[PDB]
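The primary structure of each chain is shown beneath.
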Amino acid sequence: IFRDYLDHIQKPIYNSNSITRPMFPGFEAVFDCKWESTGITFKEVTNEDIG
Amino acid sequence: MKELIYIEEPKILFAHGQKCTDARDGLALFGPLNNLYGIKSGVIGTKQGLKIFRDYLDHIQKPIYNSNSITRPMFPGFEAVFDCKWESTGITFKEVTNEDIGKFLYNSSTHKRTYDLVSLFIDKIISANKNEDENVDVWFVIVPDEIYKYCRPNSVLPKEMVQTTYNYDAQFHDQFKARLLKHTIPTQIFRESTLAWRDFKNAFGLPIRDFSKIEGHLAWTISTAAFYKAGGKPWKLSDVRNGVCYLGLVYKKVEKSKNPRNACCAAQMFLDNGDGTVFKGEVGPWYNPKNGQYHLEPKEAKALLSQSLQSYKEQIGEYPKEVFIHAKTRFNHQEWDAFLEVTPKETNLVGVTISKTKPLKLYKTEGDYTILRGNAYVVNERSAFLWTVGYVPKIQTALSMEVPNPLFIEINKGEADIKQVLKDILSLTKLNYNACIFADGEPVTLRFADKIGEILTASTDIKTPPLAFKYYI
Amino acid sequence: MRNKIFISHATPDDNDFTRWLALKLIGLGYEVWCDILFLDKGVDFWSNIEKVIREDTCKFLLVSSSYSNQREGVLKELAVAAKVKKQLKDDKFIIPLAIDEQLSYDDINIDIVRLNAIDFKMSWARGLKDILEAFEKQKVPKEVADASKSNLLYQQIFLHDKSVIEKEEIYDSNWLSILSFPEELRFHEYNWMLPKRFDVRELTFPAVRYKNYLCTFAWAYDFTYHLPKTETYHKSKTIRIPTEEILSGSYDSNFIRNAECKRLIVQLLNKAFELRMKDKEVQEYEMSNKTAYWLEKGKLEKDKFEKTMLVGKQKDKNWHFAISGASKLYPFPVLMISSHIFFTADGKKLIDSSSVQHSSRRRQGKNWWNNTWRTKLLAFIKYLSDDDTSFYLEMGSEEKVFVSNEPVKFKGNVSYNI
RNA sequence: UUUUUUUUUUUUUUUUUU
DNA sequence: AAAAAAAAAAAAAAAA
Ligand SMILES: Nc1ncnc2c1ncn2[C@@H]1O[C@H](COP(=O)(O)OP(=O)(O)OC[C@H]2O[C@H](O)[C@H](O)[C@@H]2O)[C@@H](O)[C@H]1O
């Protein structure tokens, strides 16, 4: 789900009403920075441990 | 009239899954394994030091040409070789005024002045880490050269220039990189001479450290070190077998406490699920009393081997099948007995000793060049001479400069295939992240282990040291 | 004119390899055209492809993989390449490239089945080099450009110019093999005949005190001068052991152990070799552990034995070559010889400044390669030699060991050239 | 301490013998 | 107070 959300925010997203809440044009579009889904350092936490 | 066998030169992995024997050339054309999108640089120092750093960085952004390219390849530039962005913009710079660094330096006690200099920089680094929004990947510390004359043991501060802690090592480098382990800050120290030396001149008028022909490798090894410390993987081995954990043990003396207490350090290298090579430290330093033992007590042996084994299980899951333990000193029976107890049934424990003291010097019949590196003379199934130091044709010169001395490898304990044992240490001679050289004279396990030993004996207040090499080398 | 190299490829997948190859070739001074890097956006792409292939494409390169074998666009541009090949009368116009290990030569496309393909599957360096031979041999135009980065990278590609070659070569070590030993090592029961508070180092011939016995390779009564009481010693008290068995390792008991009886031979050999230097009238410098032996200035005829110069001058500092010997028996019965350089102020008195000696040694050895160490070591061995093939180390009036004057020779199956 | 390597200095330890 | 066969910590220089 984190990867999916990062993929969504890679692309522009639109609010229901643009004049009220401006649409988000893309992470690199706004911050001019590279932050992709490739290269995430992952640390696993199994469900049995949190259970 | 004796036969010596040659073992194939190892090739190290690069980007796109392809292999290359040379490291500098391999990363020069093929690229590193992982992408460090940008390198956020932090520099602490004075005014006349930061300018030279900026000038050197600007120099190394552009390509630098070497005199004899067959001996030393072309340097295409940091961004060209590592496809990463690291420029003069974005440098978080911290001030060290000349008067302030002078007050502590002109001190009669070498230990006191060394501790004061270490604290002055370390407190500022800690403050920059904690109370500022900027994030710094690696912290370059630059120091002047009068500091470099008068900040280590046996340095007599001149009497005309004297103006005015004992539980710490009087070596600035070790103490500095030792007290910073609690904060996990990747750090790398510069001498100003290591920087753009042309400003520094001797009596004859030439620069004292003239690097006119060897600017290339200076850039090569500084850039590679910066890439490694920032979290990048320059290269990776290709012939690593599954289920093999190695460990490299070294012993170091401590002057702070009565009796050296012989602190031991280890460095691991093993494969992981997939192809990722796990090359970390094994730092649980087990202090060994008595002046000259160098043989470690059973309980510490049990603890070290276990802490290594869970250091494999937490990443791969199952028991190793063959362990090849390397060390500079010989293994006596009692420590091996403790090791065996911790060692599981299927695991094959191998204890290999390594030494350079053996006086063998093979002079070829004719030619102003040494024996070719990789040549191995097998004394017997247990012991052999392997020329890890010698000539390799690609670099056009020998890795040695005088006549080389081969490496004495004996399988002290276990059974081991001696040819396979020789087939693994020469691969370990390639993983030198601290220096961008074709190969190193000794295996990296026993070298990075030596470094982590030399860094941890400077401060006695270290608890749960980091096992990442970027904080050490 | 035609001065472009077109790289056809499967765009969805093979962009990485094609980008790398295009960057390498542009760096190598070769003009390169490809869709990813040189195609003009917002233009008729098929028309531009046709124009570049028909008009300016001097050489055609196809990246063939598991994808590119059945891609439509590569097939169309491949057919256009075949047509322009027929137009130009050039059989070397097209060079397909094999990228996928999984793409066997059996299933590759027919028009490139007929063509020979340059291999990229195993290494991307050999394949690029083979492209390089293909382009100079067919004379593909190349702009010199920077003329420094271009040729430097060209050399950097070929990592290949100097590789291991299978050729026999002999190697001469620094080891001297021990040709023979005395028949027995003797364990005399001197006891009270030998004074307890006496030193065996000044004795004529080597001897070590073990337990209450004197251990040596000499005859029982060879030490009458320093031990006058020993004139009435009984030879039936001798504990002779078959030395060859000790070398094999067969002999082991309560009286002596294999571990220590080999330590009792190397010490005797060490003392014998020390006495051998003393007999040859060579001078001594105390090293940290051992004591090295060098030759004076003028002792040799014009200070050079054989054809190599062994004593010389730099400025005021007179340099002398020296050798140190150490006896070990683990690999073979061996006397290893290590080389050293010493410096003097007048050719006779060694400089007492250790730092000066170390710096001087570094300055001299700055420019001595293999044929400066090996020849000098052998010349010193020949000087210490008593005959053409060996010398003798003496431990007794009639017992000696013959040490060959030639080093232990090895053989290498691999070699190289300048 | 950008490194590497070859040396030069000490010091120490073990096993045995008195 | 030795020996040989093993140990580390330091300094100097020149090479990659
Ligand atoms: N407006 C567009 N219409 C079609 N494709 C487009 C467009 N814009 C970009 N593309 C991209 O154009 C690509 C069409 O490629 P394909 O036919 O699917 O597979 P191949 O392996 O046989 O293409 C290989 C050659 O065809 C190429 O044109 C190049 O000229 C190649 O040399 C798609 O990735 C599209 O995303």
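Residues numbered from 1 in each chain as written, not as in the entry; some residues may be left out. Chains lettered and ligands numbered in written order. Part of a larger assembly, values for the part shown. Heavy atoms only, no water.

The deposited coordinates derive from cryo-EM, with the record listing a resolution of 3.73 Å.

Novice: Tell me about the overall build of chain A, and name the residues and values.
Specialist: Looking only at helices and strands, one finds three helices and zero strands in chain A. Secondary structure elements of chain A occur, N-terminal to C-terminal, as α-α-α. For chain A, whose C-alpha radius of gyration is 15 Å, the value lies well above the compact-globule estimate of 10 Å for 51 residues. For chain A, the spread of C-alpha atoms along the three principal axes comes to 45 × 25 × 10 Å. Residues classed as buried in chain A amount to 14% of the 51 residues present. In the form shown here, chain A has an accessible surface area of approximately 4800 Å², with 58% of it arising from carbon and sulfur atoms. Measuring between centres, the 5 positive side-chain charges of chain A sit 7 Å from its 8 negative side-chain charges. (Helix = DSSP H or I, 4+ residues; strand = E, 2+ residues; numbered from the N terminus. Rg over C-alpha atoms; globule rule 2.2 N^0.38 Å. Buried < 20%, exposed > 50% of the residue type's maximum accessible area, 1.4 Å probe, protein only. Areas by Shrake-Rupley, 256 points an atom, 1.4 Å probe, with all protein chains shown as cover. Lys, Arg positive; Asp, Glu negative; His and termini not counted. Charge placed at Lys NZ, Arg CZ, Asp CG, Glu CD.)

Novice: Describe the arrangement of the chains, and please don't skip the residues or the numbers.
Specialist: Among the two pairs of chains in contact, the pair with the most contacts is chains B and C. Across all C-alpha pairs, the smallest distance from chain A to chain C is 16 Å, and the two are not in contact. (Contact = heavy atoms within 4.5 Å.)

Novice: A description of a nonpolar patch on the surface should follow, citing residues and the corresponding values.
Specialist: Residues and elements named next belong to chain C. Together, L23, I26, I36, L37 and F38 make up an exposed nonpolar region whose accessible area comes to about 390 Å². Elements supplying a minimum of two residues to the nonpolar patch: α1 (15-27) and α2 (35-38). Looking at which element gives the most residues to the nonpolar patch, the answer is α2, with three residues. (Patch = residues over 30% accessible without salt bridge, like charges linked within 9 Å, V, L, I, M, F, W, Y side chains within 5 Å. Salt bridge = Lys/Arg side-chain N within 4 Å of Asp/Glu carboxyl O.)

Novice: How would you sum up the protein's contact with RNA strand D? Please name residues and give values.
Specialist: With respect to spatial proximity, 41 residues lie near RNA strand D, and among them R191(B), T221(B), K290(B), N434(B) and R447(B) are the closest. When the atoms of RNA strand D within 4 Å of the protein are grouped by moiety, sugar and phosphate amount to 81% of the total. A distance of 2.6 Å is found between a sugar or linking oxygen of RNA strand D and a side-chain nitrogen or oxygen belonging to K290(B). Elements represented by at least two residues in the surface near RNA strand D include exactly α7 (172-179), β8 (187-191) and α8 (215-229) of chain B together with β12 (283-286) and α10 (354-365) of chain C. Its residues assigned to classes, the surface near RNA strand D comprises 11 nonpolar, 14 polar and 16 charged. (Near = heavy atom within 4 Å. Polar contact = N/O pair within 3.5 Å; in protein donor to acceptor, adjacent residues only side chain to side chain. Nonpolar A, V, L, I, M, F, W, Y, C, P; charged D, E, K, R; others polar.)

Novice: So what's going on with the UniProt feature "binding site: Mg(2+) 3" (unreviewed entry) in chain B? Residues and values would help.
Specialist: Residues and elements named next belong to chain B. Within this structure's numbering, the places UniProt gives as "binding site: Mg(2+) 3" (unreviewed entry) are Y472 and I473. With respect to the helices and strands, the residue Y472 is situated in the segment after α12 (444-456). Residue classification places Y472 among the buried residues on the basis of a relative accessible area of 2%. Those residues in contact with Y472 that lie beyond four places of it in its chain are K177, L181, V283, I452, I455, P465 and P466. Here the side chain of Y472 touches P466 through a polar contact of 2.3 Å, landing on its backbone oxygen. (UniProt positions renumbered as here; feature names shortened; annotations may be inferred.)

Novice: Requested: an account of the interface of chain B and chain C, with residues and values cited.
Specialist: Between chain B and chain C, the contact holds 44 residues from the first and 48 residues from the second. Summing the contributions of chain B and of chain C, the shared interface buries around 4800 Å²; its carbon and sulfur component is 58%. Scanning the region where chain B abuts chain C turns up one salt bridge. Linking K364(B) and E169(C) is a salt bridge whose minimum nitrogen-to-oxygen distance equals 3.0 Å. Applying the counting criterion to the chain B and chain C interface returns 24 residue pairs in polar contact. Counting residues per element, the ones that place at least two in the side of chain B that touches chain C are β1 (2-3), α1 (24-30), β18 (363-364), β19 (375-380) and β21 (407-413) of chain B. Examining the composition of the side of chain B that touches chain C, we find that four residues originate from one element, α1(B), more than from any other. (Buried area = accessible area lost by both parts, 1.4 Å probe.)

Novice: Please provide a residue-by-residue account of the sheet that holds β1(B), values included.
Specialist: Ordered in space as β1(B)-β19(C)-β6(C)-β18(B), the four strands form an open sheet in which the pairing is mixed. At either margin of the open sheet sits one strand with a lone partner, and together these are β1 and β18 of chain B. Pairing of β18(B) with strand β6 (residues 165-172) of chain C involves two bridges; the strand directions are antiparallel. The residue bridging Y363(B) from the neighbouring strand is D172(C), located in β6(C). (Pairing = 2+ DSSP bridges.)

Novice: I'd like a rundown of the protein's contact with DNA strand E, residues and numbers included.
Specialist: In the neighbourhood of DNA strand E, 23 residues make up the surrounding shell, with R72(B), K252(B), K253(B), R201(C) and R362(C) lying closest. For DNA strand E, the fraction of protein-proximal atoms (within 4 Å) that sit in sugar or phosphate groups is 73%. Between a sugar or linking oxygen of DNA strand E and a side-chain N or O atom of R362(C), the distance comes to 2.6 Å. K366(C) is positioned with one of its side-chain polar atoms (N or O) 2.7 Å from a phosphate oxygen of DNA strand E. Where the surface near DNA strand E is concerned, the elements lending two or more residues are α9 (258-280) and α10 of chain C. Taken together, the residues of the surface near DNA strand E break down into five nonpolar, seven polar and 11 charged.

Novice: Account for helix α5 (residues 110-130) of chain B, with residues named and values stated.
Specialist: Here α5(B) spans 30 Å end to end across 21 residues, near enough to the 30 Å set by a 1.5 Å rise per residue. Capping of α5(B) at its N-terminal end is provided by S109(B); its side-chain oxygen lies 3.4 Å from the backbone amide nitrogen of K112(B). (Expected span 1.5 Å × (residues − 1).)

Novice: Before we move on, can you summarise the packing of helix α3 (residues 45-56) of chain C against helix α4 (residues 72-88) of chain C with the specific residues and values?
Specialist: Residue and element names in this part refer to chain C. Direction vectors running N to C along α3 and α4 enclose 30 degrees, while the axes themselves pass 10 Å from each other. By the angle between their directions, the pair α3 and α4 is classed as roughly parallel. Between α3 and α4 lies a crossing whose hand is right-handed. In contact with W46, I53 and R54 of α3, α4 contributes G73, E77, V80, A81, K83 and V84. Per-class residue counts for the contact of α3 with α4 are five nonpolar, one polar and three charged. (Axes fitted to C-alpha atoms, helices over the stretch in contact; angles between N-to-C directions. Parallel < 35°, antiparallel > 145°, perpendicular 65-115°, else oblique. Left-handed = near helix turned anticlockwise from the far one by under 90°.)

Novice: Break down the site of the ligand for me, with residues and values.
Specialist: All names here are of chain C. All residues in the neighbourhood of the ligand are listed as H9, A10, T11, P12, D35, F45, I49, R71, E72, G73, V74 and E77. A distance of 3.5 Å separates an oxygen atom of the ligand from a polar backbone atom of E72. Contact distances for the ligand include 2.8 Å between an oxygen atom and a backbone N or O atom of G73. About the coverage of the ligand: the protein hides 50% of its 680 Å² of free accessible area. Of all the secondary structure elements, the ones that give two or more residues to the shell around the ligand are α3 and α4. Tallying contributions element by element places α4 first for the shell around the ligand, with four residues.

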